[PDB]
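This document contains two forms of one protein chain, each encoded as structure tokens and listed individually as structure 1 and structure 2.
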Structure 1
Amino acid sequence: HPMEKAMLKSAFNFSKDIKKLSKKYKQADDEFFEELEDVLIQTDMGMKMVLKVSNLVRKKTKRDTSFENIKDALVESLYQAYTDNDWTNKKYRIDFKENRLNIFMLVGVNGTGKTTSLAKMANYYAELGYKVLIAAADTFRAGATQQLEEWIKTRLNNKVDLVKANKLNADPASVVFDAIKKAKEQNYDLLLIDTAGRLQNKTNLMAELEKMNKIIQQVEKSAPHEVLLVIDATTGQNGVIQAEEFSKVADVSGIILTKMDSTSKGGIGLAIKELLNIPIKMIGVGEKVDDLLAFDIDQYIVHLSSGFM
């Protein structure tokens, strides 16, 4: 299992702290709850999540509960804080249908994280037999196109093709126009678009994303079907805070949390839910093209808390 791999370093860090907490344990009093709070702070779930989880654990326990039961309450509380006790099958689902042109847009601060994620998304669907198109529309970013050409050239299934800018028109919107046209005419199942724009200039980002919306919506009214924000898990609570600025200026529908295997901070997923309230749909587990999997909250919680259960 890749969730083993995704959660390993953060599962180790969380249980180290919880296990250290077990030595000192006597009652579930005021002081204990304070030490438990500091352990939760350390997962980087962010202060609101820390208070929610702590207060849930405290409501599920009594002064004279045993530690084994503290942990079960903890695991329950983490899960309830994340899912917020709701039906998540639709929420976390990538909206991909079989008899239409599916058009997903990718957004994110790191331009290499976007191209790597686009490539990995394209291979996920190309491997399931579908016909995939990539639109290299981040034309103002030096190297972005070259990155996507190399993915296609050496790591992608040959059911993935690419549309890039020429010389005369290197407007982002122009690449998206050619891509849509081509995607419809040649019966592609999925168009993946590397959007343009920086947070630096949010009028500009909003403008570029809107030109793009108009263009695709003249062919698939319901598009974009997905607007996916790439968040690097190693950037922690600060990168999540920065990511907020993105959803506020774009109609983001899901998150691709990359490099989860490189972080010791298993609270990142609850921080995202708290600060963005946008479901994580994919999670990146390694550096190879197929190191990307659909996100599953139970596997996430199970693996996060595996070290102490």
Structure 2
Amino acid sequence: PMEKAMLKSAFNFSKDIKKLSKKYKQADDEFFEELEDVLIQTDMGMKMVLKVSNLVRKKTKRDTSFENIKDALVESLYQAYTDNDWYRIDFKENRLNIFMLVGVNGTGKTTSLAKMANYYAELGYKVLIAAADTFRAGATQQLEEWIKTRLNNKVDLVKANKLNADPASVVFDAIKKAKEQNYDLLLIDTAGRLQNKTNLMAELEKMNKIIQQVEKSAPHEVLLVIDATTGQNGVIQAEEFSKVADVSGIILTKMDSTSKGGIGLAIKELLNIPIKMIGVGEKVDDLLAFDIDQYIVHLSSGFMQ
């Protein structure tokens, strides 16, 4: 799955690296200028280009073989990301885990939330979804579809029976069921528009108040969806959303459709929030726990043989 996910970005990165190898003589200043130009094209951003180049420069000598520069680069990419104050999904066996999914609409929340329910349901857990994006029953329609079409039998859905209902009332109904029938995970869908900031924050706080009566440390995760195909555009927008919600982690979707693999690093730099799950494709099971070494190794696969 990570191989298919990183196919397009790895092709682009290795295409540039292979070009770099052909006029490669020594790891000198002029070489670092050329390398920096390649790093720029991954769209990782200036600060990350600078951090990765400095790391490669630190690890290497002018006489380093081009093979050893590549090993250097792989290690420096991983280190650039892992250079932080921090990671894990707060899922415990002996409680009702509660995760919210957040972000601006049309980034892929309801798809991702469905994939997350399936991910835990396959691990043997009893999963409940709260369709609390009541802004259009379209999000509700989707959840219903996925439920009786693609999702494991251990995933159930609570929704609104009324038009444009208060989102907290769906959360009220879900928490009750989840607590009473020994569910292992409650996933909460939310609507999002920067425009409706005050209501969006108010609704999140209503939800929080409902759930913290059952689970004091809930929400255990608040997960923001970023569409990788949007590149740096999506990264900046995800930062703006991080002011509306106290985001604990990121779900990076559509990696497979993305040609610029610096985005993981762009996220780390701009948001400073861990990526925790990564979408590898369109099937219900195309969602993995994020692993930065795997992201880097598969991004690098085209030039590492």
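Under this definition, the rigid core comprises the largest set of C-alpha atoms superposing within 1.5 Å between the forms. Numbers given to residues start at 1 and step along the sequence of structure 1.
**Q** Fix the rigid core, compare C-alpha positions between structures 1 and 2, and report which of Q217, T234, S174, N110 shifts by 2 Å or more.
**A** With the rigid core superposed, the residue that stands out is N110.
**Q** Does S262 show a Cα shift reaching 2 Å between structures 1 and 2 after rigid-core superposition?
**A** The answer is no; the displacement is under 2 Å.
**Q** With both forms fit on the core, has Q42 moved 2 Å or more by CA between structures 1 and 2?
**A** No, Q42 moves less than 2 Å.
**Q** Rigid core superposed, I'd like the Cα shift of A142 between structures 1 and 2 in Å.
**A** Its C-alpha position differs by 4.6 Å.
**Q** Given the rigid core as reference frame, how large is the C-alpha shift of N158 between structures 1 and 2? Answer in angstrom.
**A** Between its two positions, the C-alpha of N158 lies 1.2 Å apart after core fitting.
**Q** How many angstrom apart are the two C-alpha positions of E31 between structures 1 and 2, if you fit on the rigid core?
**A** Shift of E31 at C-alpha, rigid core superposed: 2.1 Å.
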